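Taking the form deposited in one PDB entry, here's one chain by itself in structure tokens.
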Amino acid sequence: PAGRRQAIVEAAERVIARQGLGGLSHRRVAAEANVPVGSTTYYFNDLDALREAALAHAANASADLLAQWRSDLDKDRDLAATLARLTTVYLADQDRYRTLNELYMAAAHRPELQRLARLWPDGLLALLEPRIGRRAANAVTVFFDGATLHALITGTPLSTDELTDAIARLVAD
């Protein structure tokens, strides 16, 4: 299909993000992906495997973003401003990160979603801890978790300047 299967994994991601894990059905995914049901059943008779597929696709996207953050943080050479920017870009990219966001929030009370979620907090820590210490590293990721949830809740993100200022206070000393 040149990627009918890949559209079904990408739909299933959004599905699971919106309805949860035990809220996966072939009908929904076909709807979600705009493909015939038979394509879904043919490629993923077993829904557990569609679940695995959908979580791995998110996990890949998560770790992929993190590596990009890694690349940017070495090169740029200024910490607060870089992190401020990277966060801003992310807060703005509502398309295609909704899901990672839908899942990360859900994981808050859903152990089965935490292996996927912990990649963010663990990954950020590995990135920052060497550069700023672990107390600072933890405090910053705490703030970022807040920045996203707070932005979504209130409907307005912190500006880059506001982010930069708060990061700088958290990393100072």
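Note that the rigid core is defined as the largest set of C-alphas that superpose within 1.5 Å between two forms. For every residue, the number given is its place in the sequence shown, counted from 1.
The same protein has a further form, the form deposited in another entry, not shown here; the description that follows concerns it.
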query: Core-aligned CA displacement of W69 at least 2 Å between the shown form and the other one; finding: no
query: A166 C-alpha shift between the shown form and the other one of 2 Å or more, rigid core reference; finding: no
query: After fitting the core, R27 CA displacement of 2 Å or more between the shown form and the other one; finding: yes
query: Comparison of CA distance in the other entry with shown form for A166, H109, at least 3 Å; finding: farther
query: Change in CA distance between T148 and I16 in the other entry, which is 3 Å or more, as closer or farther; finding: closer
